[PDB]
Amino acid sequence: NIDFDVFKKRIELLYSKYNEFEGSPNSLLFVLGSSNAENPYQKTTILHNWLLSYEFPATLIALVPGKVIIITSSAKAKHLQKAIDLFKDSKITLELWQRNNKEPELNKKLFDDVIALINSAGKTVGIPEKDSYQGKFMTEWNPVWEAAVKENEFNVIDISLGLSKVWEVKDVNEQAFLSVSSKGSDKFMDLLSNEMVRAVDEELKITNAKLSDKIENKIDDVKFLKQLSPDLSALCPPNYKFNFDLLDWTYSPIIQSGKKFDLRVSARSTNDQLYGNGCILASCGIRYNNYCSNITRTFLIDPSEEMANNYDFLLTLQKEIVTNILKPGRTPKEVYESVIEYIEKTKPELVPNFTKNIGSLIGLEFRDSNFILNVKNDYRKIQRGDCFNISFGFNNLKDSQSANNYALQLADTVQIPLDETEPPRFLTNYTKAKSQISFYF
């Protein structure tokens, strides 16, 4: 069940902002084909999650002056019917056009009709240009759209940056869902660290990938889910009941040890035997009601003194970033440059080893590519209500005591409160204390 008051406020917000996006689009057009679980964070899908809290496959949504048009099946139109009355009073009329797959002539007429309304709004049409969906609905739609662009002289422009700004600031309910997600990540991290220690202690034959898979699979263990429920349900926003079915993975858990450390988002657990010495990097990111979170911990197994000392600096760095650097009003570039400067002042020798970013805005997407915390983004300001995956590390560090280089990585989900007087709030709280992440065999 969909909160239509939320649907109404979010669609009205988008409607009020879009003509002021870059390029001044006269209309917006969002076409969703079949859902793909392996590619869940495209802008059109994000829009559906934001507006409705569910992805509606084989559905078109258009915004033009005065109207929101939804082309979808009878079943789906029935889920959305109650929304219509909300716009009866508003610049928007809501219109639900129902498809019928035994009437392909009607289905074509609907598509021609919406393109006519788009044409009437103006020549500039805003779409998320990187989005790609497959399936039967898209096979119908694609040639109709392509003909319209070519025949009507549509100027089709990207709106990803505009969308990113519209839904950037998290409302109080969204903040709650992010908190729930993050607590989930904490509890899986706790499991992960326990299973990892057991693996080393019991001399298990197990690869990094197999161990991370074990943790991933616990999301389907209803016994484990039951255990999770008290702590997660306490964090749900007022009037929203905790629901198991809304728990998912943002991405596959990762464990790294031994020969290979990769600090980029593209990293995946290797098929190498779990290496029970030195640095073990682990990352879990649970998703609750579409709200992504992330946590990365480094575990130290019989660490040399230099690994331990560099781990201490890693903690100090995170405290400096979150307490002093990551402030409303600042650009990602300014934040990242400030980080480099701090490292340059304290441990200059480690600058070449540092990650190229310190994470990104997080929310309905795991990583908003228009708000990565690196030097390339000089065009966004941090705002109160923003939530971040603050993730950084040092790779290719030299161990005098081992044949393997080592790495250190730390990530937490951090909320910037809406209230001016409140500091950044860690949503992920699983320990990072050196004595609690160090193990000796």
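The first residue of the sequence shown is number 1, and the count goes up from there.
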{"property": "Residues of the deposited sequence that sit between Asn152 and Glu151 yet are not modelled", "result": "none"}
{"property": "Of 425-433 and 16-24, the one with larger mean CA B-factor", "result": "16-24"}
{"property": "Entry-level comparison of average CA B-factors, 394-402 and 60-68, reporting the higher stretch", "result": "394-402"}
{"property": "Of the residues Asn289, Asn107, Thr298, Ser360, the one carrying the largest Cα B-factor as recorded", "result": "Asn107"}
{"property": "Selection by C-alpha B-factor (highest) of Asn100, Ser369, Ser193, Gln256", "result": "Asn100"}
{"property": "Chain-relative CA temperature factor third for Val351", "result": "highest"}
{"property": "For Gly184, the third of its chain into which the C-alpha B factor falls", "result": "lowest"}
{"property": "For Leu47, the third of its chain into which the C-alpha B factor falls", "result": "lowest"}
{"property": "Modelled-residue ranking by C-alpha temperature factor, third containing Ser53", "result": "middle"}
{"property": "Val222, C-alpha B-factor rank within chain (lowest, middle or highest third)", "result": "highest"}
